[PDB]
Amino acid sequence: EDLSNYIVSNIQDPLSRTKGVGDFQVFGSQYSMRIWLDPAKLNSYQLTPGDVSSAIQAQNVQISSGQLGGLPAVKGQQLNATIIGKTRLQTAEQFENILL
Amino acid sequence: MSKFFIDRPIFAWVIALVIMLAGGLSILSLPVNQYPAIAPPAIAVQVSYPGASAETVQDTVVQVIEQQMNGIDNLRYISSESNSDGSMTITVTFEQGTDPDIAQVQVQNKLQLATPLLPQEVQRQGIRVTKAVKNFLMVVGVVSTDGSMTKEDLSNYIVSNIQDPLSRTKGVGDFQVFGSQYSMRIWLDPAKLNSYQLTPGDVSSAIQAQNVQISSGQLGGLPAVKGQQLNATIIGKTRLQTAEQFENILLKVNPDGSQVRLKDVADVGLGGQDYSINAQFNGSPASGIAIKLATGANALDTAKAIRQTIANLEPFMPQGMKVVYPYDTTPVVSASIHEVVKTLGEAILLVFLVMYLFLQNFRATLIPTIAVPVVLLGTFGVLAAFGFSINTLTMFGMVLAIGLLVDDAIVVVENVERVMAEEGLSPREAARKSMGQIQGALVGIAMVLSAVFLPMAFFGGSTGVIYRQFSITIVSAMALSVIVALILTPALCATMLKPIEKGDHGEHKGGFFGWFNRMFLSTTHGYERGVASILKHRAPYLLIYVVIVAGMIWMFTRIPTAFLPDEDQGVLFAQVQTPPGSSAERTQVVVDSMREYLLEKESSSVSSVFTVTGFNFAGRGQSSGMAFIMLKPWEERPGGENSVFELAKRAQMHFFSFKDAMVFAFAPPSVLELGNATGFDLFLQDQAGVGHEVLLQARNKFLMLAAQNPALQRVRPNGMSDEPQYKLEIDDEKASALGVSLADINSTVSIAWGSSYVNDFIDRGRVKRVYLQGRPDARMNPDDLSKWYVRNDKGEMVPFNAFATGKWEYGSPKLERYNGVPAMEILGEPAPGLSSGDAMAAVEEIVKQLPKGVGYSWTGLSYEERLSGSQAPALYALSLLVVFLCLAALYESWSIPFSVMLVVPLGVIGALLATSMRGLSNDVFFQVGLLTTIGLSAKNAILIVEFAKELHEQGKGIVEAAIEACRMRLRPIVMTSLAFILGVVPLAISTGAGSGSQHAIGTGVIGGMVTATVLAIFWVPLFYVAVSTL
Amino acid sequence: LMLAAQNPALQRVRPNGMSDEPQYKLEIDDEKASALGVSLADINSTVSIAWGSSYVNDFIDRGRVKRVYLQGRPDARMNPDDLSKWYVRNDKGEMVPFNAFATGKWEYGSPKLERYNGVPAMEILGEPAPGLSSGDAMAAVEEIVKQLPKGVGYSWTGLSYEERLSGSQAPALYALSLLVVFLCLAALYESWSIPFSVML
Amino acid sequence: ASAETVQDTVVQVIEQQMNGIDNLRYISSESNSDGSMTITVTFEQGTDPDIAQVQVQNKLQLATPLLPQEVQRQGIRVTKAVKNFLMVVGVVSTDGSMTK
Amino acid sequence: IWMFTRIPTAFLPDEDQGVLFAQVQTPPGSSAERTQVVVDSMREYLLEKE
Amino acid sequence: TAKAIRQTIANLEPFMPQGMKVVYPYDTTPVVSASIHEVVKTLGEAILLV
Ligand SMILES: CCCCCCCCCCCCO[C@@H]1O[C@H](CO)[C@@H](O[C@H]2O[C@H](CO)[C@@H](O)[C@H](O)[C@H]2O)[C@H](O)[C@H]1O
Ligand SMILES: CCCCCCCCCCCCO[C@@H]1O[C@H](CO)[C@@H](O[C@H]2O[C@H](CO)[C@@H](O)[C@H](O)[C@H]2O)[C@H](O)[C@H]1O
Ligand SMILES: CCCCCCCCCCCCO[C@@H]1O[C@H](CO)[C@@H](O[C@H]2O[C@H](CO)[C@@H](O)[C@H](O)[C@H]2O)[C@H](O)[C@H]1O
């Protein structure tokens, strides 16, 4: 799995843009965030996979926030900066600490 | 073949007649424009993700499209930018000769494959794929005089009023308007909202549900039971036409039995989609169109068209609506093809004179006057055949080409009459005779010249594109003149020239001519004597040849390596960048001042200023603005002071003060497509998916090591640097505690702060957008963040003060990728005197001291340089090897060929000297003119070595055959060099439109001619005799 | 067509896209709607899939994917008054008629609206009367085109655009061809005499 | 949609992009009350129909975003217009076993 | 130069191609059952008479 | 195209984690080299035998 992930994330796209290659098939995958539900728990807290999903869909989001120097601005304004709202997660810890 | 046509003048005429008609017809159809497609074809994919951040676009949009950007034909490299406003741009670069049409389609199709994979807000936005090449014909300005209308008001005007009529006039290609049409914009008041306990999100769904053109059925639709007799149809609902209607949508109905409406929440009015870039033409706001020449069209006719068209519209246009034409290319294009028909006509003029001078007959005067236009017309036909265009490079190609055109006429006419003079043969027999002498050498020289030019056409890249233009055009002329000078001129001589009695040299002619013939008669003898003594004392001279050779290799190592020339296109750039943060007011005033300084101190040279904010050549955003300084016509500002290059000087002086922003002034590249000419560029990139701030380290170690380097100077980074960013941090816990859902908290911080593309309304017929967003005064400061309330678990409105907590972190306002990986572009020039090859050599050393995990790759003219550069030696050796072989046959020796090739240097130094004496450089115009000169120089030598060996064959001595040849050849070579230097002088001293390139050629031409004429005549015989012996 | 039916040169003079057709309406105020509890999510997407139809789902049929469609009964869907028969649910439970919750008027639309080169226009065909020819025909039209309002222009298309082409080439044609025969005869027989005599 | 609201929300806007295509001879659009639209672009008597298609496409990739949210869903068809029918292959019921 | 100017200009010769087209354009809004009647009388006049 | 892919991967090799090496499991091109080079060889043989 380790190797497969290199290939795809690193040498795949360069290869796929190399002159002459018209198609390619990788024997493996690149990584992904894996969420392994367990009904032996879902059950307890009386929860469904559907309830999960919808959470991930709302807690692992890259959101269009805005900026303080908002354009069109107000006369005199002299402070412009991008405000960055919720930005999606990288690590499992971040994925482990989402509230259902 | 010539002895054949000499007896068939009518046939000979008919061939000249056809080559004429073809050419004549072809010059019609033939397209007209300033440059070929010299730039690597590129396609741009662009969207804006309203309210998004540079990361919320490279990570949700760019990276995606990229991962689907493979399996496209002829892909060279691919580069993207994702910046602080919603905007994104990915540019896919293709190899030269790639049909933009299929490139586009291929690239846009892969775009489709990744569309559904994209954020629905972007998806809904609409992604544009465009040919991303800056061949802008003209640039129409449309301004508001009385400041009544804004950019937004105006761009809507040109979209519904002058976009259709523009697109429908001949030769109009890809235009792009500055700004969008209209869109219903609404601005929510948080205070006023909280009141009626309504959330932004509500307003959205409110308008989504109350503005629809619902599917309508049919009254009598099939199937239908008998009796059916009305199959008419019904029209469903309708969309909101006015902003008034957008104020009547019920948001809430109170227990009081009252009606709450949008008015009671926000202001509703027409506006623009994106407010990110502001354009002012002399203080007052404006927009306009950047027009491109339709593929195949005539840049002249089409400029007139897109001028009368937005002139049949000026009456109807509102008050204050004045149309300007800031940038326009047809002036120069028109000029540099007036200054061709001119120098052509005067060429044949000068020939008629210099012809008359040395000769007598007004008749001999007629030959070259027919045989030259005939070759010009036809030469165009060949261009059609090859699908070339009448353009700036293609026409200069013909300028350089008359040197050769004029020769083949007078070389042939002079020689018939020399034979007539010294043998008293008739027109025919003397035609028949000389054509026997020269014929073969003509075929011979046509091939030698071919090897001299053609190679350059096999160059890759954009340099190869411009070379190929000269090559193909000046080889077509050459070859075509050789055929005309084989089947047309000889007959013309045979037919039109009058006879002359043996031994007659016009010495007793009396009058001025008598003086002249006598004088020249003496001078030739002088020449013979010179040569005669040079052959009687070889060694010393041979030595002095080595010397002048040495000096040629010296001059090359002491001459500017610059790319193509620098002209004075009536434009000057001013790139403004106020410090991080900043605002669309600050920057907008830094540039607002630049207009004054120019229009109050340089009003002697500056016509008008077109200024822009929120947009650079190095970044988008508020901390960046620009000024396109437009200069008065060429005449109305003469003198070196009123030159772009002098204007730029003062500008940067005055602009050097400003300790707020950072203004820079400079002139566009010679050719207006990413022209760093002599200036490298590069992408640092992290192959090993290392940190982004690790990249920053890598970049900063680079620059702070390029300074510690001798070889490079002015190593800047392209693209803006990190700014302070205000990071929100909503508390997933406290939020649910109060009872507020994350869905509502985000969706609310969205529509409030970043825009929201909501619904489609239709007005004036066309569908336009509808943008929901918070009040300006409601989103200017961190505290304003609190003014926004979300509805709780139920009933109560909760303020951001509750869960929202701010922080000031750093980030990049413009993220860059190159070949799928994140990168940072850096520019630079080589130190004074050093070459780009030296620069690159050094850079490739200060890249090994980079953070393991970071790599690089050349991208611009650099990528090209390194390619075309590798083939240079190959091509030279090939033209060398082929030229020899051709001479080898022309003479039937492996030796005497060298007696013609050693002539090359003679004419070179003259060009070099003149070029440095004039303080110019290795312009492509010089580089090419340098071949066009060792062309004639060669032709001159081959004919005199030709005649030389003919005599040695009739059984004369080498030394005698040499001097006898020289004597025979002197007259002709004097009349061409005289005819030619004079023909080119005007260019060498031209002033005004495009003069700058006309200088690049003439300067070195005269230098090359003068030095090669004088020197060839003495050293060629030296060479011939020398080798014949050894 | 007035003059076209009268003029003795042309026949079968058709149009394309006849006059204007009768249409209806469905004016509906969001007032009475939200009165008895009916938002614009039901009454909106309920009129559509009843009077016209509605592509809903796919379904396999002997191995070939096809479509399931939702139309109202042909009985109640074929006439103006058959509007009221349709009821929409309440935000509370009860049902709501189209009576005091929707009105229907009566207008005139237009079956097809035609454009040529960024401009509103209308195609009109026609054959030439027996004996006469396409040209003779295009001649007549060319005149009964002036009897039109100063602003209603015209232009040929298709098979007539094609005829205008070959007509406007013949001159150049014959010319260049004469020109060639002259030159070739000239070159061939080293003469200006016999070419020039051949031409005559 | 009405034949009038169609020619004004779809037709009118794609022509403004069909304008100025290589070898364009003329354009004839058609707006119906079926909601159906169909603009026809005729090229000159010797141009390559593929690039002609490829070109038309390339221009649409610029007008689409100005189209009703509805149309953008459907999918606009680009295809090579012919006025001819080679021949109609039909089938009849020889008994009464099958209907229209 | 006289005859030339007095002969009818045309394009291609009309030609019997064993084929004919009949377009029925029944009044606006008329029923599908109303058109089908007019189109059947076609067959009659044709299949039965000519 | 084979010469190219090796130019891409050999351009990416210095950034692979210290431990792993790119290998070439299945490759058809080597035979195309070998086969022609073999004919070239039978040329020098023919030309020499002749
Ligand atoms: C030369 C600088 C370096 C290279 C990159 C930048 C080059 C200059 C780009 C200028 C683009 C200007 O023109 C643009 O017009 C369009 C409307 O058509 C809107 O901008 C927008 O167009 C459409 C909406 O129509 C959006 O979907 C798109 O995402 C957005 O880019 C703005 O009005 C304006 O941004
Ligand atoms: C009367 C005139 C008679 C002759 C008329 C025709 C002259 C033709 C001259 C040669 C034209 C060569 O055309 C030119 O070849 C070079 C290769 O050599 C191509 O360029 C390609 O090959 C070179 C050499 O391997 C590479 O370094 C380069 O990266 C690559 O893109 C150009 O893209 C092509 O346009
Ligand atoms: C009128 C029709 C004439 C048809 C024949 C025309 C011949 C014209 C002159 C020679 C053209 C040579 O075309 C040229 O060949 C050289 C050598 O292969 C290529 O160059 C490449 O190979 C050579 C040999 O390995 C290398 O030393 C060189 O570094 C490399 O770049 C050039 O990039 C290409 O442009």
# chains A, B, ... in the order shown; residues from 1 in each chain; ligands from 1

$ interface_residues --of "chain B" --to "chain D" --cutoff "7 Å" --atoms "only C-alpha atoms" --output "short mmCIF file (atom, residue, chain, number, x, y, z; two decimals) with N, CA and C atoms, in the first residue's frame"
data_model
loop_
_atom_site.label_atom_id
_atom_site.label_comp_id
_atom_site.auth_asym_id
_atom_site.auth_seq_id
_atom_site.Cartn_x
_atom_site.Cartn_y
_atom_site.Cartn_z
N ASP B 101 -7.13 25.20 -32.22
CA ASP B 101 -8.47 24.65 -32.27
C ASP B 101 -8.60 23.29 -31.60
N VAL B 105 -10.04 22.35 -27.67
CA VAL B 105 -11.03 21.29 -27.48
C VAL B 105 -10.53 20.16 -26.60
N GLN B 125 -20.89 28.39 -11.49
CA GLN B 125 -20.28 29.64 -11.93
C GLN B 125 -20.06 29.63 -13.44
N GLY B 126 -19.60 28.50 -13.96
CA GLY B 126 -19.26 28.37 -15.36
C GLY B 126 -17.77 28.57 -15.57
N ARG B 128 -14.41 28.88 -17.95
CA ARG B 128 -14.06 29.35 -19.29
C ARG B 128 -12.71 28.82 -19.78
N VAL B 129 -12.73 28.25 -20.99
CA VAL B 129 -11.51 27.83 -21.67
C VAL B 129 -11.28 28.76 -22.83
N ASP B 164 -22.48 42.58 -29.62
CA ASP B 164 -23.03 41.94 -30.80
C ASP B 164 -22.52 42.58 -32.09
N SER B 167 -18.82 41.80 -32.74
CA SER B 167 -18.58 40.42 -33.16
C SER B 167 -18.99 40.17 -34.61
N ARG B 168 -19.81 41.05 -35.17
CA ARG B 168 -20.35 40.84 -36.51
C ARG B 168 -19.69 41.68 -37.60
N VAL B 172 -13.06 40.46 -37.04
CA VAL B 172 -13.10 40.47 -35.59
C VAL B 172 -13.03 39.06 -35.05
N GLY B 173 -12.03 38.79 -34.23
CA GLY B 173 -11.84 37.47 -33.66
C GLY B 173 -12.27 37.40 -32.21
N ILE B 235 -48.16 29.03 -20.76
CA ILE B 235 -46.87 29.52 -20.29
C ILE B 235 -46.84 29.58 -18.77
N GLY B 765 -34.34 40.82 -21.38
CA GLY B 765 -34.35 39.56 -22.10
C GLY B 765 -33.29 38.58 -21.64
N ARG B 766 -32.06 39.05 -21.53
CA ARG B 766 -30.94 38.17 -21.18
C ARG B 766 -30.96 37.76 -19.72
N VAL B 767 -30.64 36.50 -19.46
CA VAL B 767 -30.51 36.02 -18.09
C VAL B 767 -29.26 36.59 -17.43
#

$ residues_near_ligand --ligand "ligand 1" --cutoff "10 Å" --atoms "only C-alpha atoms and all ligand atoms" --output "mmCIF file with N, CA and C atoms, in the first residue's frame"
data_model
loop_
_atom_site.group_PDB
_atom_site.id
_atom_site.type_symbol
_atom_site.label_atom_id
_atom_site.label_comp_id
_atom_site.auth_asym_id
_atom_site.auth_seq_id
_atom_site.Cartn_x
_atom_site.Cartn_y
_atom_site.Cartn_z
ATOM 1 N N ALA B 44 -6.059 28.873 -21.730
ATOM 2 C CA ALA B 44 -6.318 29.261 -20.350
ATOM 3 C C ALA B 44 -7.684 28.768 -19.891
ATOM 4 N N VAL B 45 -7.702 28.084 -18.753
ATOM 5 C CA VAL B 45 -8.948 27.711 -18.097
ATOM 6 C C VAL B 45 -9.123 28.621 -16.893
ATOM 7 N N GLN B 46 -10.266 29.296 -16.797
ATOM 8 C CA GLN B 46 -10.473 30.259 -15.717
ATOM 9 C C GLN B 46 -11.867 30.259 -15.083
ATOM 10 N N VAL B 47 -11.908 30.161 -13.754
ATOM 11 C CA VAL B 47 -13.109 30.469 -12.971
ATOM 12 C C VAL B 47 -12.772 31.321 -11.768
ATOM 13 N N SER B 48 -13.820 31.844 -11.148
ATOM 14 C CA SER B 48 -13.726 32.548 -9.884
ATOM 15 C C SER B 48 -14.690 31.880 -8.920
ATOM 16 N N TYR B 49 -14.199 31.551 -7.731
ATOM 17 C CA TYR B 49 -15.008 30.919 -6.692
ATOM 18 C C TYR B 49 -15.385 31.967 -5.647
ATOM 19 N N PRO B 50 -16.501 32.677 -5.869
ATOM 20 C CA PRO B 50 -16.813 33.913 -5.142
ATOM 21 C C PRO B 50 -16.565 33.822 -3.645
ATOM 22 N N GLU B 81 -2.299 29.385 -11.333
ATOM 23 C CA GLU B 81 -2.274 30.326 -10.223
ATOM 24 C C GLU B 81 -3.640 30.327 -9.539
ATOM 25 N N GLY B 86 -11.661 35.277 -5.695
ATOM 26 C CA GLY B 86 -12.185 34.007 -6.165
ATOM 27 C C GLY B 86 -11.425 33.437 -7.347
ATOM 28 N N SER B 87 -10.782 34.324 -8.100
ATOM 29 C CA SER B 87 -10.180 33.989 -9.387
ATOM 30 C C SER B 87 -9.129 32.881 -9.351
ATOM 31 N N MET B 88 -9.126 32.091 -10.419
ATOM 32 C CA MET B 88 -8.125 31.070 -10.657
ATOM 33 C C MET B 88 -7.795 31.091 -12.132
ATOM 34 N N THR B 89 -6.587 30.659 -12.470
ATOM 35 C CA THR B 89 -6.221 30.477 -13.868
ATOM 36 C C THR B 89 -5.241 29.335 -14.049
ATOM 37 N N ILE B 90 -5.617 28.372 -14.876
ATOM 38 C CA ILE B 90 -4.686 27.334 -15.277
ATOM 39 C C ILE B 90 -4.406 27.468 -16.770
ATOM 40 N N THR B 91 -3.124 27.564 -17.105
ATOM 41 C CA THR B 91 -2.687 27.751 -18.481
ATOM 42 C C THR B 91 -1.936 26.523 -19.000
ATOM 43 N N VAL B 122 -18.714 26.585 -7.863
ATOM 44 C CA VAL B 122 -17.842 26.789 -9.024
ATOM 45 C C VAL B 122 -18.535 26.234 -10.265
ATOM 46 N N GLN B 123 -18.949 24.979 -10.162
ATOM 47 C CA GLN B 123 -19.712 24.319 -11.197
ATOM 48 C C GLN B 123 -20.793 25.243 -11.752
ATOM 49 N N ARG B 124 -21.552 25.878 -10.869
ATOM 50 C CA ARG B 124 -22.640 26.748 -11.300
ATOM 51 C C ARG B 124 -22.088 28.018 -11.916
ATOM 52 N N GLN B 125 -20.888 28.390 -11.494
ATOM 53 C CA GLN B 125 -20.280 29.638 -11.929
ATOM 54 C C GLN B 125 -20.064 29.630 -13.440
ATOM 55 N N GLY B 126 -19.599 28.496 -13.956
ATOM 56 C CA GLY B 126 -19.256 28.375 -15.360
ATOM 57 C C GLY B 126 -17.765 28.574 -15.569
ATOM 58 N N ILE B 127 -17.100 27.555 -16.109
ATOM 59 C CA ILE B 127 -15.656 27.617 -16.312
ATOM 60 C C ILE B 127 -15.300 27.919 -17.761
ATOM 61 N N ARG B 128 -14.406 28.881 -17.951
ATOM 62 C CA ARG B 128 -14.056 29.347 -19.288
ATOM 63 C C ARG B 128 -12.712 28.816 -19.784
ATOM 64 N N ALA B 132 -5.097 31.635 -24.905
ATOM 65 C CA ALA B 132 -4.508 32.587 -23.956
ATOM 66 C C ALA B 132 -3.271 33.278 -24.490
ATOM 67 N N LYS B 134 -1.591 36.809 -26.454
ATOM 68 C CA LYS B 134 -1.818 38.254 -26.454
ATOM 69 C C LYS B 134 -1.520 38.963 -27.784
ATOM 70 N N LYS B 151 -17.575 51.363 -13.629
ATOM 71 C CA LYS B 151 -17.108 50.229 -14.414
ATOM 72 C C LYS B 151 -18.289 49.317 -14.686
ATOM 73 N N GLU B 152 -18.997 48.980 -13.613
ATOM 74 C CA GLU B 152 -20.113 48.046 -13.660
ATOM 75 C C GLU B 152 -21.201 48.520 -14.617
ATOM 76 N N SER B 155 -19.544 48.266 -18.405
ATOM 77 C CA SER B 155 -19.319 46.942 -18.961
ATOM 78 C C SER B 155 -20.645 46.311 -19.385
ATOM 79 N N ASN B 156 -21.716 46.643 -18.674
ATOM 80 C CA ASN B 156 -23.032 46.160 -19.066
ATOM 81 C C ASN B 156 -23.446 46.772 -20.394
ATOM 82 N N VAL B 159 -21.804 45.141 -23.361
ATOM 83 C CA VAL B 159 -22.203 43.741 -23.474
ATOM 84 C C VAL B 159 -23.561 43.588 -24.152
ATOM 85 N N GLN B 176 -12.396 40.309 -25.595
ATOM 86 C CA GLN B 176 -12.769 40.127 -24.202
ATOM 87 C C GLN B 176 -13.152 41.464 -23.563
ATOM 88 N N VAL B 177 -14.351 41.509 -22.994
ATOM 89 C CA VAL B 177 -14.875 42.709 -22.355
ATOM 90 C C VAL B 177 -14.348 42.863 -20.927
ATOM 91 N N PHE B 178 -14.173 44.103 -20.485
ATOM 92 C CA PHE B 178 -13.681 44.359 -19.139
ATOM 93 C C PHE B 178 -14.861 44.502 -18.186
ATOM 94 N N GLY B 179 -15.223 43.405 -17.525
ATOM 95 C CA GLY B 179 -16.406 43.374 -16.681
ATOM 96 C C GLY B 179 -17.535 42.536 -17.262
ATOM 97 N N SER B 180 -18.508 42.188 -16.427
ATOM 98 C CA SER B 180 -19.626 41.357 -16.857
ATOM 99 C C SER B 180 -20.836 42.218 -17.164
ATOM 100 N N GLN B 181 -21.941 41.583 -17.542
ATOM 101 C CA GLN B 181 -23.211 42.294 -17.643
ATOM 102 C C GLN B 181 -23.698 42.566 -16.221
ATOM 103 N N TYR B 182 -24.984 42.858 -16.051
ATOM 104 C CA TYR B 182 -25.507 43.165 -14.720
ATOM 105 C C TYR B 182 -25.823 41.924 -13.888
ATOM 106 N N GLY B 272 -22.544 44.536 -10.207
ATOM 107 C CA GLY B 272 -21.654 43.656 -10.941
ATOM 108 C C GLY B 272 -21.405 42.347 -10.224
ATOM 109 N N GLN B 273 -20.899 41.356 -10.951
ATOM 110 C CA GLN B 273 -20.602 40.055 -10.365
ATOM 111 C C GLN B 273 -19.413 40.118 -9.417
ATOM 112 N N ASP B 274 -18.297 40.620 -9.934
ATOM 113 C CA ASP B 274 -17.060 40.697 -9.174
ATOM 114 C C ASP B 274 -16.565 42.143 -9.117
ATOM 115 N N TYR B 275 -16.191 42.588 -7.923
ATOM 116 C CA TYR B 275 -15.760 43.966 -7.718
ATOM 117 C C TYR B 275 -14.248 44.043 -7.489
ATOM 118 N N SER B 276 -13.526 43.046 -7.984
ATOM 119 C CA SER B 276 -12.121 42.878 -7.621
ATOM 120 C C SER B 276 -11.130 43.786 -8.349
ATOM 121 N N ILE B 277 -11.474 44.238 -9.553
ATOM 122 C CA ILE B 277 -10.570 45.108 -10.309
ATOM 123 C C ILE B 277 -11.248 46.383 -10.789
ATOM 124 N N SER B 287 -14.457 50.907 -18.774
ATOM 125 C CA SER B 287 -14.127 49.550 -19.168
ATOM 126 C C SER B 287 -13.815 49.553 -20.659
ATOM 127 N N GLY B 288 -13.904 48.390 -21.294
ATOM 128 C CA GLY B 288 -13.670 48.305 -22.722
ATOM 129 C C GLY B 288 -13.461 46.895 -23.232
ATOM 130 N N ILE B 289 -13.070 46.793 -24.498
ATOM 131 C CA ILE B 289 -12.858 45.504 -25.143
ATOM 132 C C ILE B 289 -11.424 45.358 -25.637
ATOM 133 N N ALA B 290 -10.846 44.183 -25.427
ATOM 134 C CA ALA B 290 -9.569 43.844 -26.035
ATOM 135 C C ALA B 290 -9.832 42.922 -27.222
ATOM 136 N N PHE B 615 -5.005 44.193 -9.639
ATOM 137 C CA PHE B 615 -4.494 43.424 -10.768
ATOM 138 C C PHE B 615 -3.094 43.854 -11.205
ATOM 139 N N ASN B 616 -2.184 42.890 -11.277
ATOM 140 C CA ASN B 616 -0.805 43.138 -11.681
ATOM 141 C C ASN B 616 -0.363 42.195 -12.784
ATOM 142 N N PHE B 617 0.917 42.282 -13.130
ATOM 143 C CA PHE B 617 1.562 41.269 -13.950
ATOM 144 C C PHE B 617 2.200 40.237 -13.031
ATOM 145 N N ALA B 618 2.111 40.485 -11.726
ATOM 146 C CA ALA B 618 2.722 39.603 -10.736
ATOM 147 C C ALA B 618 1.736 39.154 -9.661
ATOM 148 N N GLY B 619 0.469 39.513 -9.820
ATOM 149 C CA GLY B 619 -0.534 39.085 -8.868
ATOM 150 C C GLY B 619 -1.857 39.808 -8.957
ATOM 151 N N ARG B 620 -2.914 39.136 -8.511
ATOM 152 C CA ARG B 620 -4.223 39.754 -8.358
ATOM 153 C C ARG B 620 -4.443 40.064 -6.881
ATOM 154 N N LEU B 674 5.083 37.383 -23.540
ATOM 155 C CA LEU B 674 5.983 36.934 -22.485
ATOM 156 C C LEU B 674 7.427 37.027 -22.952
ATOM 157 N N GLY B 719 5.179 36.841 -8.644
ATOM 158 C CA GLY B 719 4.094 36.453 -7.763
ATOM 159 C C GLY B 719 4.260 37.031 -6.372
ATOM 160 N N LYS B 768 -29.433 37.217 -16.272
ATOM 161 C CA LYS B 768 -28.298 37.685 -15.487
ATOM 162 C C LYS B 768 -28.358 37.109 -14.076
ATOM 163 N N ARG B 769 -27.230 37.145 -13.370
ATOM 164 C CA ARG B 769 -27.114 36.506 -12.057
ATOM 165 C C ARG B 769 -27.818 37.270 -10.925
ATOM 166 N N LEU D 62 -18.233 28.990 -24.070
ATOM 167 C CA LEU D 62 -18.072 30.380 -23.667
ATOM 168 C C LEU D 62 -19.423 31.051 -23.511
ATOM 169 N N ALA D 63 -20.428 30.511 -24.183
ATOM 170 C CA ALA D 63 -21.773 31.054 -24.085
ATOM 171 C C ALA D 63 -22.583 30.325 -23.011
ATOM 172 N N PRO D 65 -22.285 29.407 -19.828
ATOM 173 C CA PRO D 65 -22.507 29.989 -18.500
ATOM 174 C C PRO D 65 -23.503 31.144 -18.502
ATOM 175 N N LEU D 66 -23.840 31.660 -19.675
ATOM 176 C CA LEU D 66 -24.818 32.733 -19.769
ATOM 177 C C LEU D 66 -26.199 32.154 -20.016
#

$ residues_near_ligand --ligand "ligand 3" --cutoff "12 Å" --atoms "only C-alpha atoms and all ligand atoms" --output "number ranges by chain"
B: 447-448, 450-461, 464, 468, 471-472, 475-476, 479, 866-883

$ write_last_selection --atoms "C-alpha atoms" --output "short mmCIF file (atom, residue, chain, number, x, y, z; two decimals), in the first residue's frame"
data_model
loop_
_atom_site.label_atom_id
_atom_site.label_comp_id
_atom_site.auth_asym_id
_atom_site.auth_seq_id
_atom_site.Cartn_x
_atom_site.Cartn_y
_atom_site.Cartn_z
CA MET B 447 22.01 26.46 -54.14
CA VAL B 448 24.84 27.95 -52.08
CA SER B 450 19.94 28.05 -50.07
CA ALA B 451 22.34 26.33 -47.69
CA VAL B 452 23.14 29.77 -46.29
CA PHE B 453 19.58 30.57 -45.28
CA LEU B 454 17.37 27.44 -45.00
CA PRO B 455 19.15 25.86 -42.00
CA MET B 456 17.88 28.62 -39.70
CA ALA B 457 14.32 27.53 -40.57
CA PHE B 458 14.91 24.19 -38.88
CA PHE B 459 15.17 25.94 -35.52
CA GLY B 460 12.70 24.99 -32.81
CA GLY B 461 10.80 27.37 -30.58
CA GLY B 464 12.68 29.39 -34.97
CA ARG B 468 11.72 30.59 -40.50
CA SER B 471 14.39 32.30 -44.32
CA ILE B 472 11.34 31.11 -46.28
CA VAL B 475 14.86 32.06 -50.19
CA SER B 476 11.69 32.20 -52.21
CA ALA B 479 15.32 31.11 -56.03
CA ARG B 866 18.17 25.40 -24.03
CA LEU B 867 16.57 23.55 -26.92
CA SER B 868 17.23 25.68 -29.99
CA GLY B 869 20.63 26.19 -28.42
CA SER B 870 21.54 22.52 -28.70
CA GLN B 871 20.81 22.43 -32.41
CA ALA B 872 22.76 25.58 -33.36
CA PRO B 873 26.12 23.87 -33.92
CA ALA B 874 24.47 21.09 -35.89
CA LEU B 875 22.80 23.51 -38.27
CA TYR B 876 25.90 25.66 -38.82
CA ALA B 877 28.05 22.63 -39.60
CA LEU B 878 25.34 21.52 -42.02
CA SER B 879 25.23 24.77 -43.99
CA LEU B 880 29.01 24.82 -43.93
CA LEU B 881 29.20 21.24 -45.24
CA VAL B 882 26.50 21.78 -47.84
CA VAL B 883 27.86 25.10 -49.09
#
